[PDB]
Protein chains: 2
Amino acid sequence: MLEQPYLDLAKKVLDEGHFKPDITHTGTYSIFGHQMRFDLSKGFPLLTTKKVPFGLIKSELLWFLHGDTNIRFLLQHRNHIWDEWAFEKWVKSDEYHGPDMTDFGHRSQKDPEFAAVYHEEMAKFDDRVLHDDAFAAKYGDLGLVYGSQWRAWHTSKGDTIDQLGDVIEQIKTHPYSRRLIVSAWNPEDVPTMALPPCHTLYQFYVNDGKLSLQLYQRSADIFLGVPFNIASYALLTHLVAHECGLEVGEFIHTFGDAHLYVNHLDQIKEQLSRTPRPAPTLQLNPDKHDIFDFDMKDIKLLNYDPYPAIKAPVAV
Amino acid sequence: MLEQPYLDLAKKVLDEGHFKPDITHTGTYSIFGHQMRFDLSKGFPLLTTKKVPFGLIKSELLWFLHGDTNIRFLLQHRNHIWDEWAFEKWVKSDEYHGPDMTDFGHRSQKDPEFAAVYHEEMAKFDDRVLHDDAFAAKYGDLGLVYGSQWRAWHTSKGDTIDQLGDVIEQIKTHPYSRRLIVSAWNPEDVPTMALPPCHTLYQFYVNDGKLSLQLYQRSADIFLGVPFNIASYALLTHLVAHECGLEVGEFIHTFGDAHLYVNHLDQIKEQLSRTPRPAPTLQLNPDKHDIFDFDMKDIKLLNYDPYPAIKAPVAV
Ligand SMILES: O=c1ccn([C@H]2C[C@H](O)[C@@H](COP(=O)(O)O)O2)c(=O)[nH]1
Ligand SMILES: O=c1ccn([C@H]2C[C@H](O)[C@@H](COP(=O)(O)O)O2)c(=O)[nH]1
Ligand SMILES: [K+]
């Protein structure tokens with residue numbers, strides 16, 4: 001089946017993944033160097049052995065394509081994947097004058113009392129960003145995240161470079177280029193960042209009128225992250241191919257350090273006992289071609305019939 | 001055998017490599033996305049089915065580690081791998097007042113007369129760089145090449161960053177880091193470069209006291225380039241592991257666009273009929289540990305018994 005490479009990766013990590021401790025104090029089982037490809041003409045690689053929220057994937061990817069770096073857009077689409085990173089800024093800023101939120105991550109996980117007060121200052125924060133423009137501009141802006149790295153790379157001369165927009169033109173005028181690359185890794189910023197980009201760099205390739213894309217992911221969470229990671233890039237490949245009038249090819253996903261956090265074992269095993277169902281189909285808007293102007297309704301998934309969602313804890 | 005992954009790659013390109021035209025007007029057979037690993041505790045992956053000049057590999061790698069960007073160092077070790085790039089600068093500069101060298105590449109290949117006058121201005125040039133300091137500093141300095149990207153990345157604040165030196169310290173103080181990355185790809189420079197780095201980015205990884213390294217190569221010449229490419233990185237892995245007092249693990253080589261130029265077919269087939277011999281052994285200087293101060297005699301290859309060298313044309 002289409003998603004088999006994912007299940008195979010999981011099994012492999014359980015079979016030969018050596019224990020490797022990580023900063024979160026949790027502990028993982030990892031491997032270094034792995035590659036899996038997906039033939040996109042066979043369907044969309046959105047996992048059927050577990051329910052994955054495509055809406056969250058669409059809204060975040062579009063957020064990226066717009067070159068946006070402000071959470072507000074996401075909150076407007078009920079997407080809370082990036083909230084924590086912004087909330088941190090708020091909590092640490094001197095303008096914050098409320099309950100102490102020191103390491104609200106594991107604390108809210110190990111404390112029932114805190115896991116409500118924390119969930120209050122957060123909802124409070126999300127309200128200010130959505131309504132208070134001055135607040136949104138100050139605390140709702142992440143700064144260095146995919147949207148600005150892809151479309152607004154800052155140069156030494158003080159300008160900005162639209163990597164993605166440029167690369168798309170190169171594909172149109174020089175499809176056989178072996179330099180169709182986009183990097184999110186900047187040696188200058190990396191040491192001062194809280195989370196240096198996981199999806200380090202990707203390359204496009206064209207042959208026989210078909211667009212393929214390879215992604216180099218330096219670190220990956222087999223259970224929680226990868227299911228999303230695959231759909232984001234399999235989707236970007238379609239969008240870029242839509243814009244360039246090409247056919248879709250393969251999505252090659254390359255891993256540096258792929259891992260399973262020890263607290264997800266039973267969950268991954270449970271999923272592995274499920275039998276993949278036929279994959280869904282993607283449907284992009286034919287009358288609209290500028291993918292940078294795309295919006296939710298311009299992308300639709302058909303025939304996604306997944307197994308029930310599987311719950312698992314986070315790693316902290 | 002140790003080098004089998006290389007032979008397997010070659011066969012695969014001959015079997016399923018679709019024709020894909022390239023800028024050099026030559027024409028290639030390519031594939032997108034491939035990965036091969038080499039267990040470095042089994043020997044040094046220097047091809048035995050064809051003679052490869054290790055000396056050229058040592059001298060170029062050391063040139064890189066020193067953060068050097070001037071050809072002089074190479075010429076002093078009889079290494080002419082980078083000459084053309086510098087020679088171009090000379091020929092195009094107004095200070096050049098001699099025979100016309102327009103596209104001296106294919107011209108020297110399609111003309112017997114020219115393939116001597118060109119080989120004269122070149123030897124002349126190599127003499128000036130080696131003896132004329134002012135000339136060396138002006139024309140012998142490549143500027144943006146691996147040595148400066150690895151150890152002197154220019155920031156917007158006008159400073160310089162030693163990526164490699166920093167990463168080596170991170171390994172020593174945080175071996176389990178999933179951020180042990182070095183990038184040679186800078187979105188600001190790429191569009192103005194004659195040859196954007198082929199070896200785009202690499203990552204280190206540690207487990208059980210063993211250092212592994214994965215390389216992402218965006219473009220590769222299966223016949224002429226890869227045999228070198230493999231030894232350079234299998235060697236850097238040893239040097240970095242020497243410096244950090246770790247054991248050696250695997251060298252994972254990841255390809256974006258791997259290709260065979262149509263004029264190397266008979267040569268690759270011929271090599272494929274040869275049977276790999278036992279791989280050589282590397283030997284680094286035990287009393288010397290600062291790899292940045294390493295020199296030729298500090299690295300030695302033992303038991304390399306290759307088949308005769310195979311001749312093939314260049315692509316232009
Ligand atoms: O899109 C994402 C974002 C994060 N992670 C995971 C990778 C690691 O589990 C953790 C980041 O830890 P570091 O690799 O930065 O050290 O988050 C993913 O798999 N995919
Ligand atoms: O170390 C190197 C340097 C160059 N090449 C090859 C790759 C391509 O054949 C050509 C560069 O063409 P572009 O990919 O830049 O377009 O040189 C290698 O394989 N290895
Ligand atoms: K980069």
Side-chain angles (χ1 to χ4, degrees), chain A residues 1-20 22 28-40 45 47 49 185 197-203 212-234 237 250-262 264-265 268-269 271-272 276, chain B residues 4-5 8-9 12 31-40 176-181 200-208 210-218 230 233 237 249-256 258:
Chain A
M1 285 293 109
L2 188 69
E3 73 194 86
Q4 210 58 53
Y6 172 74
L7 297 167
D8 292 2
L9 206 199
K11 259 188 304 298
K12 184 184 189 63
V13 182
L14 285 176
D15 281 25
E16 39 194 285
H18 28 64
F19 190 97
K20 183 156 164 289
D22 84 303
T28 62
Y29 273 60
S30 57
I31 68 181
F32 191 55
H34 191 88
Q35 186 182 262
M36 29 180 221
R37 52 183 65 233
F38 296 89
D39 181 351
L40 298 179
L47 297 203
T49 56
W185 195 267
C198 276
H199 312 116
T200 307
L201 139 158
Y202 57 100
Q203 181 175 11
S212 292
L213 186 164
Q214 171 162 212
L215 196 237
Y216 187 89
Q217 194 172 327
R218 66 167 186 83
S219 177
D221 182 315
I222 308 299
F223 195 63
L224 304 187
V226 177
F228 280 95
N229 298 172
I230 297 180
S232 288
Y233 292 79
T237 302
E250 297 185 277
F251 166 58
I252 299 91
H253 195 162
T254 298
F255 296 96
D257 173 81
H259 59 274
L260 268 178
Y261 280 100
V262 291
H264 294 172
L265 293 185
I268 196 59
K269 296 170 196 168
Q271 190 184 173
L272 288 167
Chain B
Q4 210 58 53
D8 292 2
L9 206 199
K12 184 184 189 63
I31 68 181
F32 191 55
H34 191 88
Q35 186 182 262
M36 29 180 221
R37 52 183 65 233
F38 296 89
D39 181 351
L40 298 179
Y176 292 131
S177 179
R178 308 180 194 112
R179 307 163 181 191
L180 301 170
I181 299 177
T200 307
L201 139 158
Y202 57 100
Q203 181 175 11
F204 291 106
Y205 173 94
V206 174
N207 218 166
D208 295 292
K210 288 197 281 295
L211 186 73
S212 292
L213 186 164
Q214 171 162 212
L215 196 237
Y216 187 89
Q217 194 172 327
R218 66 167 186 83
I230 297 180
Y233 292 79
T237 302
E250 297 185 277
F251 166 58
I252 299 91
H253 195 162
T254 298
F255 296 96

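Protein chains get the first letters and strands the later ones, always in sequence-line order, with residue 1 at the start of each. Below, all heavy atoms of this structure are taken into account, side chains as well, without hydrogens, waters or symmetry copies.
Around CZ of A/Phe228, the count of heavy atoms belonging to other residues, nucleotides or ligands within 6.0 Å exceeds 12. Other residues, nucleotides and ligands contribute only 12 or fewer heavy atoms inside 6.0 Å of the CE atom of A/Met1.
In this structure the side chain of A/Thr237 reaches within 4.5 angstrom of the side chain of A/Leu40, judged on heavy atoms. The shortest side-chain heavy-atom distance between A/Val226 and A/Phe255 falls under the 4.5 Å cut-off. The side-chain heavy atoms of B/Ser212 and B/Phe204, taken from C-beta on, include no pair separated by under 4.5 Å.
One distance of note links NZ of A/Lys11 with CG of A/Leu272; it measures 5.5 Å at 0.5 Å rounding. Atom CE in A/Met36 sits 9.5 Å away from atom CG in A/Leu7 (nearest 0.5 Å). Of the inter-residue distances, the one linking A/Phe251 atom CZ with A/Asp39 atom CG reads 13.5 Å to the nearest 0.5 angstrom. A distance of 8.5 Å separates OH in B/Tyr176 from OH in B/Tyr205, rounded to the nearest 0.5 Å. Of the inter-residue distances, the one linking A/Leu201 atom CG with A/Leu215 atom CG reads 8.5 Å to the nearest 0.5 angstrom. Distance check: A/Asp22 CG to B/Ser177 OG gives 11.0 Å after rounding to the nearest 0.5 Å.
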Start with the C-alpha distance between B/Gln214 and B/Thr254, add both sets of side-chain angles, then the distance that settles side chain to side chain contact (heavy atoms under 4.5 Å, CB included), and finish with yes or no. CA-CA 7 Å; B/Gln214 171 162 212; B/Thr254 298; 2.6 Å; yes
Show your working on side-chain hydrogen bond (donor to acceptor under 3.5 Å, both in side chains) between B/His253 and B/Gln217 and close with a plain yes or no. CA-CA 8 Å; B/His253 195 162; B/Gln217 194 172 327; 2.7 Å; yes
Would A/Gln203 and B/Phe32 satisfy side chain to side chain contact (heavy atoms under 4.5 Å, CB included), going step by step from the backbone distance to the final call? CA-CA 10 Å; A/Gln203 181 175 11; B/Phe32 191 55; 4.0 Å; yes
Stepwise side chain to side chain contact (heavy atoms under 4.5 Å, CB included) test for A/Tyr29 and A/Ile222: CA-CA 10 Å; A/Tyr29 273 60; A/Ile222 308 299; over 6 Å; no
For A/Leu213 and A/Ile252, run side chain to side chain contact (heavy atoms under 4.5 Å, CB included): C-alpha distance rounded to whole Å, both residues' side-chain angles, the deciding distance at 0.1 Å, then the answer. CA-CA 6 Å; A/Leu213 186 164; A/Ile252 299 91; over 6 Å; no
So A/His199 and A/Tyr233, ring-ring contact (aromatic ring centres under 6.0 Å, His included) or not? Walk me through it. CA-CA 10 Å; A/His199 312 116; A/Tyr233 292 79; 5.4 Å; yes
Go through the steps for A/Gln271 and A/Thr49 under the test side-chain hydrogen bond (donor to acceptor under 3.5 Å, both in side chains), then give the verdict. CA-CA 6 Å; A/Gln271 190 184 173; A/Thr49 56; 2.8 Å; yes
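Minimum interatomic distance between B/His34 and A/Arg37 (heavy atoms only, all atoms of both residues): N-NH2, 4.3 Å. Nearest approach of A/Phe38 to A/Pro45, heavy atoms of both residues: CD2-CB, 3.9 Å. Smallest separation of non-hydrogen atoms from B/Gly256 and B/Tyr216: CA-OH, 4.0 Å. Among all heavy-atom pairs drawn from A/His259 and A/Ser30, the shortest one is CB-CB, 3.8 Å. Nearest heavy atoms, A/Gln4 versus A/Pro276: OE1-CG, 3.8 Å. The two residues A/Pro197 and A/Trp185 have their closest heavy-atom pair at O-CZ3, 3.7 Å.
Residues A/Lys20 and B/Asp208 are not paired through a salt bridge, judged by the lack of any N-O separation under 4.0 Å between the basic side chain and the carboxylate. A/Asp15 has no carboxylate O lying under 4.0 Å from a charged side-chain N of A/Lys12, or vice versa, which leaves the two without a salt bridge.
The only option from A/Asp221, A/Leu9, A/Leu224, A/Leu265 that meets the side chain to side chain contact (heavy atoms under 4.5 Å, CB included) definition with A/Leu260 turns out to be A/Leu265.
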